[PDB]
$ cat entry_6.cif   # mmCIF, C-alpha atoms; chains and numbers go by the auth columns
data_start
loop_
_atom_site.group_PDB
_atom_site.id
_atom_site.type_symbol
_atom_site.label_atom_id
_atom_site.label_comp_id
_atom_site.label_asym_id
_atom_site.label_seq_id
_atom_site.Cartn_x
_atom_site.Cartn_y
_atom_site.Cartn_z
_atom_site.B_iso_or_equiv
_atom_site.auth_seq_id
_atom_site.auth_asym_id
ATOM 1 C CA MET A 1 81.966 23.973 91.808 0.00 1 N
ATOM 2 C CA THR A 2 79.963 26.901 90.348 0.00 2 N
ATOM 3 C CA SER A 3 76.281 27.705 91.230 0.00 3 N
ATOM 4 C CA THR A 4 73.545 29.378 89.065 0.00 4 N
ATOM 5 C CA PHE A 5 74.586 32.732 90.681 0.00 5 N
ATOM 6 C CA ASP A 6 78.280 32.146 89.756 0.00 6 N
ATOM 7 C CA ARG A 7 77.277 31.345 86.118 0.00 7 N
ATOM 8 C CA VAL A 8 75.220 34.594 85.993 0.00 8 N
ATOM 9 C CA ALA A 9 78.112 36.542 87.618 0.00 9 N
ATOM 10 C CA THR A 10 80.578 35.222 84.975 0.00 10 N
ATOM 11 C CA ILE A 11 78.046 36.229 82.249 0.00 11 N
ATOM 12 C CA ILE A 12 77.778 39.754 83.844 0.00 12 N
ATOM 13 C CA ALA A 13 81.619 40.047 83.702 0.00 13 N
ATOM 14 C CA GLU A 14 81.575 38.872 80.007 0.00 14 N
ATOM 15 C CA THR A 15 78.763 41.210 78.877 0.00 15 N
ATOM 16 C CA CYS A 16 78.883 44.509 80.898 0.00 16 N
ATOM 17 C CA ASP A 17 82.423 44.063 82.435 0.00 17 N
ATOM 18 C CA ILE A 18 81.479 44.003 86.158 0.00 18 N
ATOM 19 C CA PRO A 19 84.250 42.552 88.515 0.00 19 N
ATOM 20 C CA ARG A 20 83.343 39.074 89.925 0.00 20 N
ATOM 21 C CA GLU A 21 84.808 40.165 93.332 0.00 21 N
ATOM 22 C CA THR A 22 82.333 43.113 93.524 0.00 22 N
ATOM 23 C CA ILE A 23 79.388 40.787 92.578 0.00 23 N
ATOM 24 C CA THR A 24 77.642 39.471 95.783 0.00 24 N
ATOM 25 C CA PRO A 25 74.577 37.025 95.761 0.00 25 N
ATOM 26 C CA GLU A 26 72.557 39.732 97.633 0.00 26 N
ATOM 27 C CA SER A 27 73.534 42.442 95.063 0.00 27 N
ATOM 28 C CA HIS A 28 70.904 44.259 92.979 0.00 28 N
ATOM 29 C CA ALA A 29 72.004 44.041 89.270 0.00 29 N
ATOM 30 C CA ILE A 30 70.467 47.470 88.431 0.00 30 N
ATOM 31 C CA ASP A 31 70.816 49.508 91.695 0.00 31 N
ATOM 32 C CA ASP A 32 74.033 48.077 93.250 0.00 32 N
ATOM 33 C CA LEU A 33 76.036 46.814 90.172 0.00 33 N
ATOM 34 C CA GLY A 34 74.823 49.865 88.156 0.00 34 N
ATOM 35 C CA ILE A 35 73.569 47.877 85.119 0.00 35 N
ATOM 36 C CA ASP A 36 70.719 49.406 83.005 0.00 36 N
ATOM 37 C CA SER A 37 67.707 47.168 82.078 0.00 37 N
ATOM 38 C CA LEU A 38 68.914 47.223 78.388 0.00 38 N
ATOM 39 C CA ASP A 39 72.435 46.068 79.457 0.00 39 N
ATOM 40 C CA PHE A 40 70.612 43.541 81.686 0.00 40 N
ATOM 41 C CA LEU A 41 68.787 42.264 78.514 0.00 41 N
ATOM 42 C CA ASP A 42 72.240 41.409 77.026 0.00 42 N
ATOM 43 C CA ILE A 43 73.109 39.645 80.323 0.00 43 N
ATOM 44 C CA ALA A 44 69.671 37.898 80.557 0.00 44 N
ATOM 45 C CA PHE A 45 69.717 36.654 76.904 0.00 45 N
ATOM 46 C CA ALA A 46 73.283 35.364 77.510 0.00 46 N
ATOM 47 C CA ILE A 47 71.871 33.556 80.631 0.00 47 N
ATOM 48 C CA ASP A 48 68.782 32.459 78.629 0.00 48 N
ATOM 49 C CA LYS A 49 70.789 30.669 75.919 0.00 49 N
ATOM 50 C CA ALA A 50 73.458 29.387 78.419 0.00 50 N
ATOM 51 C CA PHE A 51 70.979 27.451 80.669 0.00 51 N
ATOM 52 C CA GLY A 52 68.810 26.614 77.574 0.00 52 N
ATOM 53 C CA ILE A 53 65.747 28.260 79.243 0.00 53 N
ATOM 54 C CA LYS A 54 63.484 31.294 78.611 0.00 54 N
ATOM 55 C CA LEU A 55 63.384 34.283 81.012 0.00 55 N
ATOM 56 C CA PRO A 56 60.084 36.329 80.738 0.00 56 N
ATOM 57 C CA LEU A 57 62.199 39.511 81.266 0.00 57 N
ATOM 58 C CA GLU A 58 59.547 41.804 79.748 0.00 58 N
ATOM 59 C CA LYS A 59 56.974 40.295 82.162 0.00 59 N
ATOM 60 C CA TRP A 60 59.343 40.657 85.172 0.00 60 N
ATOM 61 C CA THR A 61 60.189 44.286 84.279 0.00 61 N
ATOM 62 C CA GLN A 62 56.487 45.225 83.623 0.00 62 N
ATOM 63 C CA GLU A 63 55.491 43.738 87.059 0.00 63 N
ATOM 64 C CA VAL A 64 58.376 45.647 88.714 0.00 64 N
ATOM 65 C CA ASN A 65 57.444 49.056 87.120 0.00 65 N
ATOM 66 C CA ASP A 66 53.635 48.356 87.572 0.00 66 N
ATOM 67 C CA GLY A 67 54.173 47.845 91.348 0.00 67 N
ATOM 68 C CA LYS A 68 53.022 44.171 91.047 0.00 68 N
ATOM 69 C CA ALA A 69 56.497 43.057 92.260 0.00 69 N
ATOM 70 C CA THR A 70 59.387 44.765 94.078 0.00 70 N
ATOM 71 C CA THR A 71 62.570 45.407 91.956 0.00 71 N
ATOM 72 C CA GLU A 72 64.804 43.186 94.212 0.00 72 N
ATOM 73 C CA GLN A 73 62.352 40.201 93.800 0.00 73 N
ATOM 74 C CA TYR A 74 63.746 39.623 90.248 0.00 74 N
ATOM 75 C CA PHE A 75 66.873 41.865 90.134 0.00 75 N
ATOM 76 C CA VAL A 76 68.773 40.625 93.282 0.00 76 N
ATOM 77 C CA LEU A 77 71.286 38.057 91.932 0.00 77 N
ATOM 78 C CA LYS A 78 70.324 35.202 94.387 0.00 78 N
ATOM 79 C CA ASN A 79 66.574 35.787 93.630 0.00 79 N
ATOM 80 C CA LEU A 80 67.450 36.085 89.899 0.00 80 N
ATOM 81 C CA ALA A 81 69.516 32.843 90.114 0.00 81 N
ATOM 82 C CA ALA A 82 66.531 31.242 91.910 0.00 82 N
ATOM 83 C CA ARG A 83 64.160 32.484 89.115 0.00 83 N
ATOM 84 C CA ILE A 84 66.466 31.031 86.395 0.00 84 N
ATOM 85 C CA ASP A 85 66.810 27.715 88.345 0.00 85 N
ATOM 86 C CA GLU A 86 62.990 27.688 88.805 0.00 86 N
ATOM 87 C CA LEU A 87 62.694 27.936 84.977 0.00 87 N
ATOM 88 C CA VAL A 88 65.425 25.193 84.539 0.00 88 N
ATOM 89 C CA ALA A 89 63.131 23.067 86.757 0.00 89 N
ATOM 90 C CA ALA A 90 60.191 24.190 84.541 0.00 90 N
ATOM 91 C CA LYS A 91 62.438 23.268 81.512 0.00 91 N
ATOM 92 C CA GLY A 92 62.526 19.696 82.874 0.00 92 N
ATOM 93 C CA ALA A 93 58.687 19.981 83.270 0.00 93 N
ATOM 94 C CA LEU A 94 59.161 18.878 86.979 0.00 94 N
ATOM 95 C CA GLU A 95 57.304 15.783 88.344 0.00 95 N
ATOM 96 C CA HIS A 96 55.311 17.521 91.162 0.00 96 N
ATOM 97 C CA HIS A 97 54.044 20.137 88.587 0.00 97 N
ATOM 98 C CA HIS A 98 55.083 23.844 88.426 0.00 98 N
ATOM 99 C CA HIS A 99 52.515 25.666 90.687 0.00 99 N
ATOM 100 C CA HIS A 100 49.736 22.995 90.666 0.00 100 N
ATOM 101 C CA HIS A 101 49.723 22.284 86.885 0.00 101 N
#

$ encode --input "entry_6.cif" --output "structure tokens"
Amino acid sequence: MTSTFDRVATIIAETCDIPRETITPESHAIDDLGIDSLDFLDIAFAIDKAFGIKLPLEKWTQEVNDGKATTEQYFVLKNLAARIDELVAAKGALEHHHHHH
């Protein structure tokens, strides 16, 4: 029993050495865990290859710093785990389509 969050949290411990105990689902990877966006690239590429998906990290980070999206929307570990899972669902091409197509 290990969720998408728990996989990510293991990968955070592997990459940037952040204690699993001090990693909550409602934690912000950058603000709360104190991980830089570059260190988060190493985490996100390790996630990327693990789940066999593709995170548009550059897109997510440009939206965040353009004020299109709030930081927490992508960088809170439950929202992040939901984004990854959403792209694992997109990896399987769904059957009810992604948005509408």

$ atom_distance --input "entry_6.cif" --atom1 "atom CA of residue 70 of chain N" --atom2 "atom CA of residue 97 of chain N"
25.8 Å

$ resolve_selection --input "entry_6.cif" --expression "the PyMOL selection byres ((chain N and resi 39-49) around 9)" --output "list in words"
residues 7, 8, 11, 12, 14, 15, 16, 29, 30, 35, 36, 37, 38, 50, 51, 52, 53, 54, 55, 57 and 84 of chain N

$ closest_residue --input "entry_6.cif" --among "N:87, N:76, N:93, N:82" --to "residue 27 of chain N" --atoms "only C-alpha atoms"
N:76

$ atom_distance --input "entry_6.cif" --atom1 "atom CA of residue 67 of chain N" --atom2 "atom CA of residue 26 of chain N"
21.1 Å

$ residues_around --input "entry_6.cif" --residues "residue 73 of chain N" --least-positions-apart "3" --cutoff "10 Å" --atoms "all atoms listed in the file" --output "ChimeraX atom specification"
/N:28,60,64,69-70,76-80,83

$ axis_aligned_box --input "entry_6.cif" --around "segment 19-35 of chain N" --padding-each-side "8 Å" --output "lines of an AutoDock Vina configuration file"
center_x = 77.6
center_y = 43.4
center_z = 91.4
size_x = 30.3
size_y = 28.8
size_z = 28.5

$ atom_distance --input "entry_6.cif" --atom1 "atom CA of residue 25 of chain N" --atom2 "atom CA of residue 75 of chain N"
10.7 Å
